[PDB]
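The next block holds one structure in the form of C-alpha cells; read it before the comments.
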Amino acid sequence: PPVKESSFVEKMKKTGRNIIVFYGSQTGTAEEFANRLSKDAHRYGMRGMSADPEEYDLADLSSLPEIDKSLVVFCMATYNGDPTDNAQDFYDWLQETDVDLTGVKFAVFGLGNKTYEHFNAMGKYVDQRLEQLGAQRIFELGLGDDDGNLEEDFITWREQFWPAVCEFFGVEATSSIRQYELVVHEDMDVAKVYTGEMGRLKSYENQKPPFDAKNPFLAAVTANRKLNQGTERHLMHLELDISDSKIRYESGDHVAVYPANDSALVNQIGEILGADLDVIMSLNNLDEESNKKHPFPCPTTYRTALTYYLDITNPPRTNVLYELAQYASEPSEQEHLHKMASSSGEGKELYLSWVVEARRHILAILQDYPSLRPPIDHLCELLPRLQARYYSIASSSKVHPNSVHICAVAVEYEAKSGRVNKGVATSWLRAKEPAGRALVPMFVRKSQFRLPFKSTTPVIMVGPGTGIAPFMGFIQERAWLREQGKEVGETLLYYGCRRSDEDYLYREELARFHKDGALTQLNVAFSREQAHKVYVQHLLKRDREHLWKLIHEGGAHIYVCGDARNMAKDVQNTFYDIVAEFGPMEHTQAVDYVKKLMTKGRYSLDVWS
Ligand SMILES: Cc1cc2nc3c(=O)[nH]c(=O)nc-3n(C[C@H](O)[C@H](O)[C@H](O)COP(=O)(O)OP(=O)(O)OC[C@H]3O[C@@H](n4cnc5c(N)ncnc54)[C@H](O)[C@@H]3O)c2cc1C
Ligand SMILES: Cc1cc2nc3c(=O)[nH]c(=O)nc-3n(C[C@H](O)[C@H](O)[C@H](O)COP(=O)(O)O)c2cc1C
Ligand SMILES: Nc1ncnc2c1ncn2[C@@H]1O[C@H](CO)[C@@H](O)[C@H]1OP(=O)(O)O
C-alpha cells in the first residue's frame with residue numbers, strides 16, 4: 001500500500017488540466033493508451049494528464065465537478081477476471097463507497113481478450129459502477145480485444161470519442177510535440193550512470209531485499225539444458241539459484257524475468273540511424289510537474305536504453321509510426337507511415353498486413369522505408385518499455401526452497417517480413433550458461449494456481465507441451481508429502497507431446513515418480529506416433545468414468561496449463577461432455593457445472609498464448 005499523492009483534482013486546477021486519464025495496466029498497454037488520450041486533449045483546446053489510480057484516492061472524483069467542462073477517462077485492462085494490480089485499490093473503493101458522483105463525466109476503454117472467461121470484466125465493471133454512483137457517461141464503453149487487434153479497436157473508439165467530447169462541451173478541433181527534452185552529459189561520472197537496473201541506481205550491483213518488480217533479484221543460472229531431442233525446436237529447462245534472496249514461492253506461482261534485447265539488433269538500429277549509441281544522456285519531461293521525470297532510468301546510454309529498457313521487437317503501434325512519418329524524406333514512405341493510423345481503408349490494411357501480420361519490428365521498418373531516419377533520442381522517447389516475461393515455476397519450494405525452475409520453448413520463427421524473429425526473453429535465457437556467473441534479474445508473483453490444502457484431495461493435471469511446467473512442481477511436492485508420511489490422494493497427469501523419443505519432456509523424472517507411486521497415473525498423448533492426432537482431451541474422454549468419480553465423489557481439483565488458444569477450450573469441452581453424460585444433464589447444465597467448479601476453486605487455469 002503506497003502513500004497516496006495529494007488530491008488529483010487540486011493538481012488539475014494548479015496545472016490548468018480539465019481531463020484526467022487513469023490507467024489500469026500491468027504490461028503497460030493501458031498506460032500507453034492513457035498517455036495517447038491525454039496528449040490528444042491538446043489537439044482539442046483542452047489539456048489533460050495521465051495518472052496511476054494507485055497513487056490517488058478516487059473518492060476525490062466527487063470534486064472533479066469543480067473544474068469547468070471536466071472529464072475523467074479510464075483505460076482499464078483485465079487480468080484473470082480481476083483489476084490490474086495498480087487498480088485493485090480503485091476496485092475495492094468502488095465496491096465499498098456510496099459517494100455521490102453527480103456532475104462527474106466519464107468514459108471507459110477496456111483492454112481485454114475475448115479468449116478469456118471474463119472478457120473486459122474490469123472495464124465493464126468500472127463503466128457500470130460510476131453510473132450507479134451518479135456519474136454520467138459521455139461516450140460509450142470501449143471494448144478492446146487483444147485476441148483480434150487491440151490497437152485497431154483503440155483507434156476506432158478514439159476516433160469517435162473526441163468528436164463526441166467536442167460536441168458535448170462545445171469545443172473546437174483546432175503538430176509534432178516532444179514530451180521530453182534531451183540533455184547530453186559530457187562531464188558525467190560513471191557511478192551515476194544507469195546500466196540496466198530497474199529501480200535505484202546500482203540496485204543490481206548492491207542487492208538489497210526485499211526483491212520485487214521494482215527491485216529484482218539477480219539469480220544465478222545454475223542449470224540450463226535442452227529437453228527435447230529434435231532440432232526443429234529448442235525446449236529448455238533452467239534452474240535459478242535464489243539463495244539468500246529471502247524470496248518465497250509455491251508450486252503454481254510465476255517467476256518474472258527482465259531480459260536484454262539482442263545486441264546485434266541494438267547495434268544495427270544505431271548503425272542505420274548513424275547515431276552514437278554510447279552517448280550518455282537523459283530525457284527529462286518538459287512538464288516539470290509530472291511525476292514521470294524520464295521515460296526510463298536516466299542518465300544512461302542509448303545502447304543501454306535499447307538493450308534493457310525499450311521494446312524493439314514487437315510491431316510498433318500506429319501513433320509511433322505516425323510521429324515518425326516526419327523523418328521519412330521519401331513522400332511515399334512518409335505517406336504510408338502517416339496512414340498507418342487510419343481507422344479504415346488501405347492505410348489500415350497496410351498496417352495490419354505490412355506491420356502486424358508480417359511482424360516487422362522497428363529496425364525492419366527502418367530498413368524497408370530507408371528514407372526514415374529519425375533522431376535516436378526521439379525514437380527512444382517513442383518506443384514502449386521492455387516488459388518482464390512470466391514463466392510458470394516448475395519446482396516445489398518444499399523440495400527446492402532455494403531454486404526456481406523454468407520450462408520453456410525458445411521462440412524463433414520466419415516472419416513474412418522476410419527475416420527471422422527471435423523471442424526476447426527466451427533467446428536471452430537460452431544464452432545463459434552456468435558458471436562471471438550468468439545472472440537473471442527476477443522476481444516471483446503469487447498466483448491462485450495451487451495444490452489442494454488437503455493432501456487427500458485428488459488432483460487432475462492437464463498440461464501438454466510446456467504446459468507441464470507447474471505440474472513438475474506439483475508432482476515433486478505430492479511425492480514429497482508421501483515421503484513425509486502424509487496420506488495423499490490420487491495424482492493424475494495427462495501430458496502430451498509429438499513423440500515418445502523426440503520431445504517427451506522430463507521423461508526420466510516422470511518415469512521415476514510413476515514408479516514410486518507419486519504419480520498415480522501418467523497418461524501421455526503422443527500426437528504424431530499415428531495417423532490420427534491423439535491429444536490429452538482424448539485420454540480424458542477415455543478415462544471419463546473414473547474422472548467423473550473423482551470429480552463427483554472425491555472432490556478432485558482440475559488443473560489445465562499450456563496453450564490457451566485451442567488446447568484449453570478443447571479440454572474444457574471434453575469436461576462439459578463428461579459431466580453431461582455422467583451427471584447426467586444437458587450441455588447447458590454441464591457447462592454451468594464446470595464453470596462452477598472454477599469459482600469454487602476446483603478448476604484452475606494457467607494458460608497463455
Ligand atoms: C502467465 C503466463 C505463464 C507463462 N508460462 C510460460 C512457461 O511456463 N513456459 C513458456 O515457454 N512460456 C510461458 N509463458 C510465455 C512467456 O511469458 C513468453 O511470452 C514466451 O516465453 C515468449 O517470450 P519471448 O520474450 O521469448 O518472445 P517475445 O519476444 O515476447 O515474442 C512473443 C511473440 O512473438 C510472436 N510469435 C511467437 N511465435 C510466432 C510464430 N511462430 N509466428 C508468428 N508470431 C509468433 C507472438 O506475437 C508472440 O506473442 C507464459 C506466459 C504467461 C502470461
Ligand atoms: C496472465 C494474463 C491474464 C489475462 N486475463 C484476462 C482476462 O481475464 N480477461 C480479459 O478480458 N483479458 C485478459 N488478459 C488480456 C489483457 O487484459 C490484455 O492483453 C490487456 O491489453 C493488457 O493490458 P496492459 O498492458 O495495460 O496490462 C490477460 C493477459 C494475461 C497476460
Ligand atoms: N488442440 C489441442 N489440444 C490438445 N493438444 C494439442 C492441441 N493442439 C496441439 N496439441 C498438442 O500439444 C502438444 C504440445 O505442443 C503437441 O503434441 C501437440 O500436437 P501436434 O503438434 O501434433 O498437433
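Each chain of the C-alpha cells is named A, B, ... in the order shown, its residues numbered from 1; ligands are numbered from 1 in display order.
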Which of segment 299-541 of chain A end up as strand (DSSP E) when DSSP is run on this backbone - answer as a PyMOL selection string?
chain A and resi 300-301+389-392+403-409+412-414+420-422+439-445+459-462+491-497+521-526
Take the selection from the previous step and output its residues with C-alpha atoms, as a PDB file, in the first residue's frame.
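File produced: selection-v9.pdb:
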```pdb
ATOM      1  CA  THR A 300      22.093   6.195 -19.317  1.00  0.00           C
ATOM      2  CA  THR A 301      23.470   5.478 -22.794  1.00  0.00           C
ATOM      3  CA  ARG A 389       8.318 -12.210 -19.157  1.00  0.00           C
ATOM      4  CA  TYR A 390       6.449 -14.681 -16.937  1.00  0.00           C
ATOM      5  CA  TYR A 391       7.166 -18.369 -16.545  1.00  0.00           C
ATOM      6  CA  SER A 392       5.300 -20.979 -14.532  1.00  0.00           C
ATOM      7  CA  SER A 403      15.882 -22.652  -6.544  1.00  0.00           C
ATOM      8  CA  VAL A 404      13.225 -21.644  -9.064  1.00  0.00           C
ATOM      9  CA  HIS A 405      12.790 -23.833 -12.155  1.00  0.00           C
ATOM     10  CA  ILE A 406      11.730 -22.737 -15.638  1.00  0.00           C
ATOM     11  CA  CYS A 407      10.479 -24.880 -18.534  1.00  0.00           C
ATOM     12  CA  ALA A 408      10.148 -23.051 -21.822  1.00  0.00           C
ATOM     13  CA  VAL A 409      10.384 -23.240 -25.589  1.00  0.00           C
ATOM     14  CA  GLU A 412      12.356 -18.206 -33.263  1.00  0.00           C
ATOM     15  CA  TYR A 413      10.342 -18.079 -36.487  1.00  0.00           C
ATOM     16  CA  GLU A 414      10.390 -16.931 -40.093  1.00  0.00           C
ATOM     17  CA  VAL A 420      13.878 -14.485 -38.683  1.00  0.00           C
ATOM     18  CA  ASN A 421      12.357 -13.112 -35.489  1.00  0.00           C
ATOM     19  CA  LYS A 422      13.766 -14.101 -32.101  1.00  0.00           C
ATOM     20  CA  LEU A 439      22.630 -13.766 -13.722  1.00  0.00           C
ATOM     21  CA  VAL A 440      18.896 -13.407 -14.338  1.00  0.00           C
ATOM     22  CA  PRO A 441      17.111 -10.397 -12.829  1.00  0.00           C
ATOM     23  CA  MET A 442      13.876 -11.847 -11.473  1.00  0.00           C
ATOM     24  CA  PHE A 443      11.017 -11.790  -9.020  1.00  0.00           C
ATOM     25  CA  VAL A 444       8.128 -14.006  -8.002  1.00  0.00           C
ATOM     26  CA  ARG A 445       4.437 -13.254  -8.494  1.00  0.00           C
ATOM     27  CA  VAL A 459      -5.585 -33.901  -8.419  1.00  0.00           C
ATOM     28  CA  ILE A 460      -6.197 -33.981 -12.173  1.00  0.00           C
ATOM     29  CA  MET A 461      -3.413 -32.204 -14.099  1.00  0.00           C
ATOM     30  CA  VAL A 462      -3.576 -31.485 -17.830  1.00  0.00           C
ATOM     31  CA  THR A 491      -2.435 -37.704  -8.521  1.00  0.00           C
ATOM     32  CA  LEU A 492      -3.141 -37.881 -12.253  1.00  0.00           C
ATOM     33  CA  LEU A 493      -1.080 -36.385 -15.041  1.00  0.00           C
ATOM     34  CA  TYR A 494      -2.426 -36.029 -18.571  1.00  0.00           C
ATOM     35  CA  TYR A 495       0.574 -34.878 -20.582  1.00  0.00           C
ATOM     36  CA  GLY A 496       1.232 -34.671 -24.297  1.00  0.00           C
ATOM     37  CA  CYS A 497       3.953 -34.222 -26.902  1.00  0.00           C
ATOM     38  CA  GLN A 521      -1.344 -42.350 -13.494  1.00  0.00           C
ATOM     39  CA  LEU A 522       0.914 -40.996 -16.186  1.00  0.00           C
ATOM     40  CA  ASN A 523      -1.304 -40.619 -19.239  1.00  0.00           C
ATOM     41  CA  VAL A 524       0.633 -39.347 -22.236  1.00  0.00           C
ATOM     42  CA  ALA A 525      -0.795 -38.476 -25.648  1.00  0.00           C
ATOM     43  CA  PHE A 526       1.807 -38.851 -28.427  1.00  0.00           C
TER      44      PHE A 526
END
```
List every residue of segment 301-414 of chain A that has an atom at most 6 Å from any atom of segment 272-284 of chain A, and for each one report the closest atom pair and its distance in Å to one decimal, counting only C-alpha atoms, with rows sorted by chain and then by increasing residue number, as a tab-separated table.
```
residue	atom	partner	partner_atom	distance
A:301	CA	A:280	CA	4.3
A:302	CA	A:277	CA	4.8
A:303	CA	A:277	CA	4.8
A:373	CA	A:273	CA	5.8
```
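Closest approach to ligand 3 among A:529, A:131, A:172, A:323 is made by A:529 (distances from only C-alpha atoms and all ligand atoms).
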Hey, which residues come within 6 Å of ligand 3 if we count only C-alpha atoms and all ligand atoms? Could you give them as a list in words?
residues 464, 465, 496, 497, 498, 526, 527, 528, 535, 536, 566, 567 and 570 of chain A
Next, the residues of the selection above should be written as a short mmCIF file (atom, residue, chain, number, x, y, z; two decimals), in the first residue's frame with N, CA, C and O atoms.
```
data_model
loop_
_atom_site.label_atom_id
_atom_site.label_comp_id
_atom_site.auth_asym_id
_atom_site.auth_seq_id
_atom_site.Cartn_x
_atom_site.Cartn_y
_atom_site.Cartn_z
N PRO A 464 -0.17 -30.34 -21.78
CA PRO A 464 0.66 -30.83 -22.89
C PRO A 464 1.79 -29.84 -23.19
O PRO A 464 1.70 -28.67 -22.83
N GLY A 465 2.86 -30.32 -23.83
CA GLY A 465 3.98 -29.46 -24.15
C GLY A 465 4.58 -28.78 -22.93
O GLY A 465 4.73 -29.40 -21.87
N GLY A 496 1.20 -34.40 -22.87
CA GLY A 496 1.23 -34.67 -24.30
C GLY A 496 2.40 -34.03 -25.03
O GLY A 496 2.86 -32.95 -24.67
N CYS A 497 2.87 -34.71 -26.07
CA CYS A 497 3.95 -34.22 -26.90
C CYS A 497 3.82 -34.95 -28.23
O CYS A 497 2.93 -35.78 -28.40
N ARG A 498 4.68 -34.64 -29.19
CA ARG A 498 4.58 -35.28 -30.50
C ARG A 498 4.98 -36.75 -30.52
O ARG A 498 4.22 -37.59 -31.02
N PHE A 526 0.76 -39.10 -27.43
CA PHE A 526 1.81 -38.85 -28.43
C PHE A 526 1.03 -38.52 -29.70
O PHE A 526 0.54 -39.40 -30.39
N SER A 527 0.91 -37.23 -29.97
CA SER A 527 0.14 -36.74 -31.10
C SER A 527 0.56 -37.16 -32.51
O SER A 527 -0.28 -37.17 -33.41
N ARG A 528 1.82 -37.53 -32.71
CA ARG A 528 2.27 -37.89 -34.05
C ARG A 528 2.77 -39.31 -34.29
O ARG A 528 3.30 -39.61 -35.35
N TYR A 535 -4.65 -36.38 -28.57
CA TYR A 535 -4.41 -35.30 -27.64
C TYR A 535 -4.85 -35.64 -26.22
O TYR A 535 -5.53 -36.64 -26.00
N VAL A 536 -4.47 -34.81 -25.26
CA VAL A 536 -4.82 -35.05 -23.87
C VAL A 536 -6.34 -35.20 -23.64
O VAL A 536 -6.77 -36.07 -22.87
N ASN A 566 -6.14 -23.23 -28.50
CA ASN A 566 -7.08 -24.32 -28.76
C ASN A 566 -7.12 -25.43 -27.72
O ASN A 566 -8.18 -25.99 -27.45
N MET A 567 -5.97 -25.76 -27.13
CA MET A 567 -5.95 -26.84 -26.14
C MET A 567 -6.89 -26.61 -24.96
O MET A 567 -7.70 -27.47 -24.62
N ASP A 570 -10.62 -27.05 -25.89
CA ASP A 570 -10.94 -28.43 -26.24
C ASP A 570 -11.01 -29.27 -24.97
O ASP A 570 -11.87 -30.14 -24.84
#
```
Mind listing the residues within 7 Å of ligand 2, only C-alpha atoms and all ligand atoms counted, as a list in words?
residues 24, 25, 26, 27, 28, 29, 30, 31, 76, 77, 78, 79, 80, 81, 82, 84, 111, 112, 113, 114, 116, 117, 118, 119, 120, 121, 146, 150 and 608 of chain A
Please, what distance in Å, to one decimal, runs between atom CA of residue 85 of chain A and atom CA of residue 211 of chain A?
17.0 Å
Select from segment 259-370 of chain A every residue with an atom at most 10 Å from any atom of segment 378-383 of chain A, then for each give the shortest pair of atoms and their distance in Å to one decimal, using only C-alpha atoms, rows by chain and rising number, as JSON lines.
```
{"residue": "A:283", "atom": "CA", "partner": "A:381", "partner_atom": "CA", "distance": 7.7}
{"residue": "A:294", "atom": "CA", "partner": "A:381", "partner_atom": "CA", "distance": 9.0}
{"residue": "A:295", "atom": "CA", "partner": "A:381", "partner_atom": "CA", "distance": 6.4}
{"residue": "A:296", "atom": "CA", "partner": "A:381", "partner_atom": "CA", "distance": 8.8}
{"residue": "A:302", "atom": "CA", "partner": "A:380", "partner_atom": "CA", "distance": 7.7}
{"residue": "A:305", "atom": "CA", "partner": "A:380", "partner_atom": "CA", "distance": 7.5}
{"residue": "A:306", "atom": "CA", "partner": "A:380", "partner_atom": "CA", "distance": 7.5}
{"residue": "A:309", "atom": "CA", "partner": "A:383", "partner_atom": "CA", "distance": 9.4}
{"residue": "A:310", "atom": "CA", "partner": "A:383", "partner_atom": "CA", "distance": 6.2}
{"residue": "A:311", "atom": "CA", "partner": "A:383", "partner_atom": "CA", "distance": 6.3}
{"residue": "A:312", "atom": "CA", "partner": "A:383", "partner_atom": "CA", "distance": 7.2}
{"residue": "A:314", "atom": "CA", "partner": "A:383", "partner_atom": "CA", "distance": 9.9}
{"residue": "A:316", "atom": "CA", "partner": "A:383", "partner_atom": "CA", "distance": 7.8}
{"residue": "A:317", "atom": "CA", "partner": "A:383", "partner_atom": "CA", "distance": 9.2}
{"residue": "A:319", "atom": "CA", "partner": "A:382", "partner_atom": "CA", "distance": 8.8}
{"residue": "A:320", "atom": "CA", "partner": "A:382", "partner_atom": "CA", "distance": 6.1}
{"residue": "A:321", "atom": "CA", "partner": "A:382", "partner_atom": "CA", "distance": 9.3}
{"residue": "A:323", "atom": "CA", "partner": "A:382", "partner_atom": "CA", "distance": 8.4}
{"residue": "A:324", "atom": "CA", "partner": "A:379", "partner_atom": "CA", "distance": 8.0}
{"residue": "A:362", "atom": "CA", "partner": "A:383", "partner_atom": "CA", "distance": 9.0}
```
Using only C-alpha atoms, which residues sit within 9 Å of segment 506-510 of chain A once same-chain residues fewer than 6 positions away are excluded, as a list in words?
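The residues that qualify are residues 227, 472, 475, 500, 519 and 522 of chain A.
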Next, write the just-selected residues to a file, as an mmCIF file, in the first residue's frame, keeping N, CA, C and O atoms as the atom set.
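Final output, saved to selection.cif:
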```cif
data_model
loop_
_atom_site.group_PDB
_atom_site.id
_atom_site.type_symbol
_atom_site.label_atom_id
_atom_site.label_comp_id
_atom_site.auth_asym_id
_atom_site.auth_seq_id
_atom_site.Cartn_x
_atom_site.Cartn_y
_atom_site.Cartn_z
ATOM 1 N N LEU A 227 15.749 -30.001 -23.418
ATOM 2 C CA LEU A 227 14.858 -31.078 -23.007
ATOM 3 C C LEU A 227 14.423 -32.022 -24.115
ATOM 4 O O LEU A 227 14.131 -33.188 -23.854
ATOM 5 N N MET A 472 5.410 -30.201 -12.771
ATOM 6 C CA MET A 472 6.618 -30.885 -12.333
ATOM 7 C C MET A 472 6.738 -30.481 -10.862
ATOM 8 O O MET A 472 7.130 -31.277 -10.013
ATOM 9 N N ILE A 475 3.989 -32.394 -8.839
ATOM 10 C CA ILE A 475 4.413 -33.770 -8.660
ATOM 11 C C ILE A 475 5.530 -33.909 -7.636
ATOM 12 O O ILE A 475 5.481 -34.803 -6.795
ATOM 13 N N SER A 500 7.282 -40.029 -28.255
ATOM 14 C CA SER A 500 7.981 -40.510 -27.072
ATOM 15 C C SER A 500 9.496 -40.299 -27.065
ATOM 16 O O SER A 500 10.061 -39.931 -26.040
ATOM 17 N N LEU A 519 3.057 -40.489 -8.784
ATOM 18 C CA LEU A 519 2.128 -40.287 -9.888
ATOM 19 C C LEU A 519 1.239 -41.525 -9.984
ATOM 20 O O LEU A 519 1.709 -42.600 -10.347
ATOM 21 N N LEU A 522 0.125 -41.830 -15.309
ATOM 22 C CA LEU A 522 0.914 -40.996 -16.186
ATOM 23 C C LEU A 522 0.327 -41.248 -17.572
ATOM 24 O O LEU A 522 0.726 -42.165 -18.275
#
```
DSSP helix (DSSP H, G or I) residues within segment 498-576 of chain A, as a PyMOL selection string
chain A and resi 507-515+536-542+544-552+567-576
Once you have the residues from the selection above, write them out as a compact mmCIF listing (two decimals), in the first residue's frame, restricted to C-alpha atoms.
```txt
# COMPACT_ATOMS: atom_id res chain seq x y z
CA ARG A 507 10.58 -38.38 -19.40
CA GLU A 508 13.10 -39.78 -16.90
CA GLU A 509 11.77 -37.82 -13.92
CA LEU A 510 8.16 -38.67 -14.74
CA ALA A 511 9.01 -42.37 -15.07
CA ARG A 512 10.64 -42.25 -11.64
CA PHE A 513 7.66 -40.56 -9.97
CA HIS A 514 5.29 -43.06 -11.56
CA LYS A 515 7.44 -45.95 -10.43
CA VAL A 536 -4.82 -35.05 -23.87
CA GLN A 537 -8.58 -34.47 -24.13
CA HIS A 538 -8.80 -37.81 -25.91
CA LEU A 539 -7.32 -39.51 -22.86
CA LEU A 540 -9.69 -37.62 -20.56
CA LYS A 541 -12.54 -38.92 -22.72
CA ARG A 542 -11.07 -42.41 -22.41
CA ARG A 544 -14.31 -40.31 -18.42
CA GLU A 545 -15.76 -42.85 -15.96
CA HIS A 546 -13.01 -42.55 -13.33
CA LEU A 547 -12.51 -38.80 -13.74
CA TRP A 548 -16.23 -38.23 -13.11
CA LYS A 549 -15.91 -40.36 -9.99
CA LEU A 550 -13.03 -38.21 -8.71
CA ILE A 551 -14.90 -35.03 -9.56
CA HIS A 552 -18.31 -36.10 -8.27
CA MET A 567 -5.95 -26.84 -26.14
CA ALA A 568 -7.62 -25.11 -23.16
CA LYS A 569 -11.06 -24.91 -24.81
CA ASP A 570 -10.94 -28.43 -26.24
CA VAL A 571 -10.09 -29.73 -22.77
CA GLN A 572 -12.87 -27.68 -21.21
CA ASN A 573 -15.40 -29.04 -23.74
CA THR A 574 -14.38 -32.60 -23.00
CA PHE A 575 -15.09 -31.88 -19.34
CA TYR A 576 -18.50 -30.48 -20.36
```
Which residues are near segment 61-73 of chain A? Cut-off 8 Å, only C-alpha atoms, ignore same chain within fewer than 6 positions. Put them as a PyMOL selection string.
chain A and resi 9+13+18-22+99-109+169
Can you spit out the residues from that selection as an mmCIF file, in the first residue's frame, using N, CA and C atoms?
```cif
data_model
loop_
_atom_site.group_PDB
_atom_site.id
_atom_site.type_symbol
_atom_site.label_atom_id
_atom_site.label_comp_id
_atom_site.auth_asym_id
_atom_site.auth_seq_id
_atom_site.Cartn_x
_atom_site.Cartn_y
_atom_site.Cartn_z
ATOM 1 N N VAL A 9 -7.559 16.235 -8.254
ATOM 2 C CA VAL A 9 -8.350 17.358 -8.737
ATOM 3 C C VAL A 9 -7.608 18.671 -8.462
ATOM 4 N N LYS A 13 -6.270 21.591 -11.153
ATOM 5 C CA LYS A 13 -6.527 23.020 -11.012
ATOM 6 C C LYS A 13 -5.262 23.851 -11.103
ATOM 7 N N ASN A 18 -8.157 19.838 -17.484
ATOM 8 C CA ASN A 18 -9.593 19.620 -17.342
ATOM 9 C C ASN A 18 -9.962 18.175 -17.656
ATOM 10 N N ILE A 19 -8.992 17.392 -18.097
ATOM 11 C CA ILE A 19 -9.179 15.975 -18.352
ATOM 12 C C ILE A 19 -8.089 15.083 -17.736
ATOM 13 N N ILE A 20 -8.481 14.043 -17.035
ATOM 14 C CA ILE A 20 -7.503 13.125 -16.485
ATOM 15 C C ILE A 20 -7.833 11.718 -16.942
ATOM 16 N N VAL A 21 -6.817 11.041 -17.468
ATOM 17 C CA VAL A 21 -6.956 9.685 -17.966
ATOM 18 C C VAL A 21 -6.185 8.755 -17.033
ATOM 19 N N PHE A 22 -6.908 7.853 -16.379
ATOM 20 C CA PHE A 22 -6.312 6.885 -15.466
ATOM 21 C C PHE A 22 -6.038 5.592 -16.221
ATOM 22 N N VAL A 99 -20.369 7.240 -2.224
ATOM 23 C CA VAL A 99 -20.196 8.644 -2.579
ATOM 24 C C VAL A 99 -21.051 9.020 -3.785
ATOM 25 N N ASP A 100 -21.536 10.256 -3.814
ATOM 26 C CA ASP A 100 -22.346 10.712 -4.937
ATOM 27 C C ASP A 100 -21.447 11.387 -5.973
ATOM 28 N N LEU A 101 -21.523 10.924 -7.215
ATOM 29 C CA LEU A 101 -20.698 11.474 -8.285
ATOM 30 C C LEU A 101 -21.491 12.357 -9.257
ATOM 31 N N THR A 102 -22.620 12.881 -8.781
ATOM 32 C CA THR A 102 -23.462 13.762 -9.591
ATOM 33 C C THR A 102 -22.558 14.822 -10.202
ATOM 34 N N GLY A 103 -22.709 15.056 -11.502
ATOM 35 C CA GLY A 103 -21.897 16.064 -12.158
ATOM 36 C C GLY A 103 -20.630 15.533 -12.806
ATOM 37 N N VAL A 104 -20.178 14.355 -12.385
ATOM 38 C CA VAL A 104 -18.970 13.775 -12.960
ATOM 39 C C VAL A 104 -19.253 13.208 -14.349
ATOM 40 N N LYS A 105 -18.353 13.478 -15.285
ATOM 41 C CA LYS A 105 -18.467 12.985 -16.654
ATOM 42 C C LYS A 105 -17.325 11.993 -16.900
ATOM 43 N N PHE A 106 -17.650 10.799 -17.384
ATOM 44 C CA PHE A 106 -16.615 9.794 -17.608
ATOM 45 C C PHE A 106 -16.740 9.039 -18.925
ATOM 46 N N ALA A 107 -15.708 8.247 -19.201
ATOM 47 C CA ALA A 107 -15.632 7.391 -20.379
ATOM 48 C C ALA A 107 -14.633 6.279 -20.048
ATOM 49 N N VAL A 108 -14.922 5.074 -20.520
ATOM 50 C CA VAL A 108 -14.064 3.935 -20.255
ATOM 51 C C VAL A 108 -13.671 3.150 -21.502
ATOM 52 N N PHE A 109 -12.392 2.798 -21.589
ATOM 53 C CA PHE A 109 -11.917 1.970 -22.689
ATOM 54 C C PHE A 109 -11.292 0.753 -22.030
ATOM 55 N N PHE A 169 -19.063 19.394 -24.992
ATOM 56 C CA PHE A 169 -18.547 20.561 -24.292
ATOM 57 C C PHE A 169 -18.446 21.816 -25.153
#
```
Write out as a ChimeraX atom specification the residues lying within 10 Å of segment 242-244 of chain A, counting only C-alpha atoms and excluding same-chain residues fewer than 4 positions away.
/A:209,217-221,248,400-404,442-443
Write the selection just made, keeping N, CA, C and O atoms, as a short mmCIF file (atom, residue, chain, number, x, y, z; two decimals), in the first residue's frame?
```cif
data_model
loop_
_atom_site.label_atom_id
_atom_site.label_comp_id
_atom_site.auth_asym_id
_atom_site.auth_seq_id
_atom_site.Cartn_x
_atom_site.Cartn_y
_atom_site.Cartn_z
N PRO A 209 17.33 -6.82 -0.13
CA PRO A 209 15.96 -7.34 -0.06
C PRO A 209 15.07 -6.29 0.60
O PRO A 209 15.57 -5.35 1.22
N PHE A 217 15.74 -9.63 -8.03
CA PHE A 217 16.89 -10.33 -7.50
C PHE A 217 17.65 -10.94 -8.68
O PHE A 217 17.05 -11.57 -9.55
N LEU A 218 18.96 -10.74 -8.74
CA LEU A 218 19.72 -11.33 -9.83
C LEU A 218 20.07 -12.75 -9.43
O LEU A 218 20.99 -12.97 -8.64
N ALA A 219 19.33 -13.71 -9.98
CA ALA A 219 19.55 -15.11 -9.66
C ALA A 219 20.55 -15.77 -10.59
O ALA A 219 20.51 -15.57 -11.80
N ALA A 220 21.44 -16.56 -10.00
CA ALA A 220 22.45 -17.25 -10.79
C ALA A 220 21.82 -18.43 -11.50
O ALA A 220 21.07 -19.20 -10.91
N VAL A 221 22.12 -18.56 -12.79
CA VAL A 221 21.60 -19.68 -13.55
C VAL A 221 22.53 -20.85 -13.25
O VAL A 221 23.68 -20.87 -13.69
N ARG A 248 10.07 -16.07 -1.28
CA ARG A 248 9.30 -17.29 -1.06
C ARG A 248 8.41 -17.58 -2.27
O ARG A 248 8.04 -16.67 -3.00
N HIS A 400 12.74 -27.63 -3.27
CA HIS A 400 13.78 -26.72 -3.76
C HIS A 400 13.52 -25.30 -3.27
O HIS A 400 13.29 -24.40 -4.08
N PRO A 401 13.58 -25.08 -1.95
CA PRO A 401 13.34 -23.75 -1.40
C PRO A 401 14.28 -22.68 -1.95
O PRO A 401 13.90 -21.51 -2.05
N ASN A 402 15.49 -23.07 -2.32
CA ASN A 402 16.45 -22.10 -2.82
C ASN A 402 16.69 -22.07 -4.33
O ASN A 402 17.69 -21.52 -4.79
N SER A 403 15.77 -22.65 -5.09
CA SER A 403 15.88 -22.65 -6.54
C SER A 403 14.52 -22.57 -7.22
O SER A 403 13.56 -23.19 -6.77
N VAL A 404 14.45 -21.81 -8.30
CA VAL A 404 13.23 -21.64 -9.06
C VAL A 404 13.46 -22.24 -10.45
O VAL A 404 14.40 -21.85 -11.15
N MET A 442 15.19 -11.24 -11.58
CA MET A 442 13.88 -11.85 -11.47
C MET A 442 13.12 -11.52 -10.21
O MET A 442 13.62 -10.87 -9.30
N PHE A 443 11.87 -11.97 -10.18
CA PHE A 443 11.02 -11.79 -9.02
C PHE A 443 9.87 -12.76 -9.15
O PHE A 443 9.58 -13.24 -10.24
#
```
Within 10 Å of segment 155-161 of chain A, counting only C-alpha atoms, which residues show up once you throw out same-chain ones fewer than 6 positions away? Write them as a list in words, please.
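So the residues in contact are residues 33, 36, 37, 40, 107, 109, 138, 139, 140, 141, 142, 143, 144, 318, 319, 341, 342, 343 and 344 of chain A.
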Excluding residue 473 of chain A and its own-chain neighbours fewer than 4 positions away, which residues fall within 9 Å of it when counting only C-alpha atoms? Please give them as an NGL selection string.
:A and (250-252 or 393-397 or 399 or 405 or 469 or 477-478)
For a test of reading the model, state the distance in Å between atom CA of residue 236 of chain A and atom CA of residue 410 of chain A, rounded to one decimal.
7.5 Å
